[PDB]
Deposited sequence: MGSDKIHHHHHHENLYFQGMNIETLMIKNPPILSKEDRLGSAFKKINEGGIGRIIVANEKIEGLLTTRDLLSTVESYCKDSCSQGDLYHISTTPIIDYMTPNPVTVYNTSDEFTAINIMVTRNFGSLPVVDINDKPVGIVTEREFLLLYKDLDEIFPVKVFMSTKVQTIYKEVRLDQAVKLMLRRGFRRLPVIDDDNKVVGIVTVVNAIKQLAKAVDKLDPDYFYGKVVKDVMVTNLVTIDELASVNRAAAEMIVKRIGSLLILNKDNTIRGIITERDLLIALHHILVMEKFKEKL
């Protein structure tokens, strides 16, 4: 029961997360965005001012289909123009359950952690709460928390179109299918931002607009049985360094997807329920 027995959220947080100042430009952000695999940059000087997410950065090309000049202008854009200002944060002395509740109820994939003077000291993301499953009973199967009406994309579809769809539906990841509707990969916002970062760095739109999803997608298919525990799902996500697991039909078509967001939702439920069972 020791992961739940931490004095506070400092037990879980990533220290030294990527930070930039409000005076910095998006070019610098494109270089740092995937540092530590966080996928977000805290914007701060003395105090936290904003949070620049992967979505925030991918939105820079939302109204293009994009010149060398356009990419240069993105590169030189002040971070303040795209950051989420006044982000929700937790204090370093605060508890793990409150952080889970915030993320679950208000739909945040990360919380900056700040000290009493509002200075950033760390960050917690969905990934950091996966360790809490080590101390838990096996209560729920993957089937209960997986999503089943899975949005997929065909493997030859343009990456810019993949991005539009992800941003529109609010998914970080789309399983990729072939001619027989079999799953051949997963394209992710991390994939997409790697490519957009290259396009921005080189002022060359081809790195983003010239790619199809099969060119950049994750090709490791990590699957799980829908009757396996959410704890096993969590453990596997930690070991395989991924944020989703696929549930496949016998014919290798998609049945469902379970993500670290789903596992956070489930964890919230487990914790709330263990409050009741002690009654």
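Counting from residue 1 of the deposited sequence, the stretches lacking C-alpha coordinates in this chain are 1-13, 79-81, 296.
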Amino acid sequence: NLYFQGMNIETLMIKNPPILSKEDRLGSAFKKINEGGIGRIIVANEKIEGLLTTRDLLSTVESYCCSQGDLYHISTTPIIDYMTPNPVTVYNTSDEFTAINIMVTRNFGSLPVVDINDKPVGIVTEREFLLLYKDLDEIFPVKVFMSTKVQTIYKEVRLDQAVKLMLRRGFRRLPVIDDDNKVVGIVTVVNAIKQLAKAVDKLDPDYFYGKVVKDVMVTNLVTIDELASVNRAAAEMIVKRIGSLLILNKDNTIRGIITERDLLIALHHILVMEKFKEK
From here on, numbers count along this sequence of modelled residues.
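98-106 and 133-141 differ in mean CA B-factor, and the higher of the two is recorded for 133-141. The deposited model assigns a higher average Cα B-factor to 30-38 than to the other stretch when 226-234 and 30-38 are compared. Within the selection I247, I48, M217, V239, the deposited Cα B-factor values reach their highest point at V239. Highest C-alpha temperature factor among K198, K182, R172, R169, as the PDB entry reports it: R169. When the CA B factors of the chain's modelled residues are split into thirds, the value for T93 lands in the highest one. Among all modelled residues in its chain, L264 ranks in the lowest third by Cα B-factor. Sort the modelled residues of the chain by CA B factor and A162 lands in the lowest third.
Remark: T152 belongs to the lowest third of its chain, ranked by C-alpha B-factor as recorded. Looking at the C-alpha B-factors along this chain, the one for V213 belongs to the lowest third.
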